[PDB]
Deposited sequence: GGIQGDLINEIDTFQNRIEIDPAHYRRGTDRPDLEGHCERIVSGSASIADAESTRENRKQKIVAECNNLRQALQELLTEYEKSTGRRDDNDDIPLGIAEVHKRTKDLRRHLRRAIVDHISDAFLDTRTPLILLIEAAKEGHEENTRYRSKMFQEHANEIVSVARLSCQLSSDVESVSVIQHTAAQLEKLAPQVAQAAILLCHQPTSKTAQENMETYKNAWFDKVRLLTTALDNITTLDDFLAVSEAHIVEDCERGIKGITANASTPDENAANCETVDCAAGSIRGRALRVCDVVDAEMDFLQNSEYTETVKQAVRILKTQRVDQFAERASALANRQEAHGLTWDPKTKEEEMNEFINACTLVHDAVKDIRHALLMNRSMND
């Protein structure tokens, strides 16, 4: 990962003995160092998968980092005699750098949150269509599965830029290349099964590809969680659950449907359960871990089901008589959806709260 190394080293490069500072050498490379950070940050910011509000924070902090560096360099060049203002300048740069990297890390978590909220369904829907074998659905689900594959591959590679874990990055990159290789073959295996569904040879071939795929995705998901800070993941997950609710609200009052919004919320919530449970199991068993796992168990075994049930009933009411909804009904259903989402959302906040109690 280059961008993370550029940032990490920069936080040390700017700390020079004032007597050692030389304008003609220490300034151009420090300015060059800063611009490499800004350039790399821009690539992340200006991805069209990147969210707008996080994009602007990255842009703003890049400008702040430039300004902070210029002021520090101005102070370095005012040192005389034997050589209080320089350390203040260093602190200002460190603060901007710290904020910039938080924004970048969470930009990557944005992608991880979206791409890995449901890594099972696209292939399952593909296989089930092929088993029928529904030609029209298999080709549709084939296309969707492949696009899903492109996303997790792309996101995996994007993540590596912000990790200094050379060995984890190595596994992630190899696994991503293998998935990229396997994906079109998995698709074709389903097409073959679709055309001859009663063939046990074609059934076994699909299952062989299915299992190889899920084994690699599981590996990749685990590796990515290992180069991701838990707090970032939970903070973004919580924020994304709110976004999903807002998307669902727009569908009720006017990818903005109750069905899909509920699908995203469920997936993200279950990912939160997986990631926090694993984090606790690595620890020694204590009152701390049991209290956190208990909060997780509430989300997973209660809140998720209760949410899915109410959201589904709302979805059924909208396809049944939604075409006749007056503003009052829309308001009632909007509130019902909000209260349902609050089931999941509050439970996520409780999990984060329990993790603080040590």
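Not built in the structure, per the record, are deposited positions 1-4, 88-90, 262-272, 377-381.
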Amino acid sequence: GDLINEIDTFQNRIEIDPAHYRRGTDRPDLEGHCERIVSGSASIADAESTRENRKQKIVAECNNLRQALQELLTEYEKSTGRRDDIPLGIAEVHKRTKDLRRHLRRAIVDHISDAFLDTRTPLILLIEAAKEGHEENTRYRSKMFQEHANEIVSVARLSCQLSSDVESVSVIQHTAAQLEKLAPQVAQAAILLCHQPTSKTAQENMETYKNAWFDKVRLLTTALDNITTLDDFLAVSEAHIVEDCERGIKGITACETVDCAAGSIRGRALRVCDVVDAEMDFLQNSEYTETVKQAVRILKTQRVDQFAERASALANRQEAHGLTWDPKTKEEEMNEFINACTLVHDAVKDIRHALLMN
From here on, numbers count along this sequence of modelled residues.
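In this entry, 189-197 has the higher mean Cα B-factor, the comparison being between 264-272 and 189-197. For the pair 41-49 and 293-301, the record assigns the higher mean C-alpha temperature factor to 41-49. Out of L117, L220, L88, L158, it is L88 whose C-alpha atom has the highest B-factor in the PDB entry.
For the set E238, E279, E167, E77, the PDB entry assigns the largest Cα B-factor to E77. The entry lists a Cα temperature factor for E136 that places it in the highest third of the chain's modelled residues. The deposited CA B-factor of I58 belongs to the lowest third of values across its chain. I16: CA B factor lies in the highest third for its chain, per the PDB record.
Ranked against the other modelled residues of its chain, the C-alpha B-factor of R23 as given in the entry falls in the highest third. In the deposited entry, the Cα temperature factor of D84 sits in the top third of values across the chain's modelled residues.
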